[PDB]
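In the form deposited in one PDB entry, a lone chain appears below as structure tokens.
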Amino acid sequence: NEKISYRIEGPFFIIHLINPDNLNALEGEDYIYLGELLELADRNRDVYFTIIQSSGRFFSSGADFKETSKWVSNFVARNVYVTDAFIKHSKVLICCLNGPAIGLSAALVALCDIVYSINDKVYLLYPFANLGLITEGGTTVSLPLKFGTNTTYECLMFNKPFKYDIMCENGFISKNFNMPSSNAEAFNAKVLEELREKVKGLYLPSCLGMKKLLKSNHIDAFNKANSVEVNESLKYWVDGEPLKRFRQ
């Protein structure tokens, strides 16, 4: 893949979105690829942390759109697959939010264990109501969990962003680096520099044991959300509203 790279640095398996010119819009095969990198990280016994980093001004603008139009099966398969990979991952998922994330890629940011922001202009947008669709990527559970149920209805029902202030107010962001949006690259490096200091001394397998115990609180609910979100959407696709809306 040309749009996504990865490397391993000690106990950190680093994944990087490197298509800043297209706002790291991602296609179905890019979400499959992302899911296969998480499988590589999950099987590497040296890796303890999987860091998701991007580039440019946006973290990701979400799904890139260009009865064979029954092409929506490959769209739903790709969503379920990469959502499932984020849900079951056993290594510590850390998102470096270098800017806004929209759609499915905003959903994956909400499934990460720890999130860091470049600055206070980041936001998460879930435009399901404007696309004639419903929750996806496990957001049925992840948004009420991490932002509270009333805030969640305000954002989702009226297609409004989860902004920085709301993020800080719910503790979704562990640390804001307060750095210019023109350099994601320095933000990417300074997070890894800070991660290298905080793991010194620690017994890393302990991080994995805690995560495993922590993930069991909601693992059923996340897995069921992945399934009922798909099921419930089929009828939106059969009606055809998403198909108009997905064109302007």
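Take the two forms, superpose them, and find the largest set of C-alpha atoms that agree within 1.5 Å; that set is the rigid core. So that there is no doubt, residue numbering starts at 1 and follows the sequence shown.
Note that the form deposited with a small molecule bound isn't included here; everything after this is about it.
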Quiz item: Of 215 to 223, 57 to 65, 42 to 50, 186 to 194, which is the one stretch near the small molecule in the entry with it bound, taking non-hydrogen atoms within 4.5 angstroms as near?
Solution: 57 to 65
Exercise. Could you check which residue among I166, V72, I173, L131 gets a heavy atom within 4.5 Å of the small molecule in the entry with it bound?
Key: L131
Quiz prompt | Contacting member of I114, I87, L145, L125, with respect to the small molecule in the entry with it bound [4.5 Å, heavy atom] | solution = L125
Quiz item: Check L38, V92 and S206: does every one of them have a heavy atom within 4.5 Å of the small molecule in the entry with it bound?
Solution: no
Self-check item: Distance check, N231 to the small molecule in the entry with it bound, heavy atom within 4.5 Å
Solution: no
Self-check item: Touches the small molecule in the entry with it bound: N178 (any heavy atom, 4.5 Å)
Solution: no
Quiz item: Is there any non-hydrogen atom of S227 lying within 4.5 Å of the small molecule in the entry with it bound?
Solution: no
Quiz item: Should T149 be counted as a contact of the small molecule in the entry with it bound, where contact means heavy atoms within 4.5 Å?
Solution: no
Quiz item: If you line up the core, which of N159, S174, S73, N178 has a CA that moves 2 Å or more between this form and the one not shown?
Solution: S73
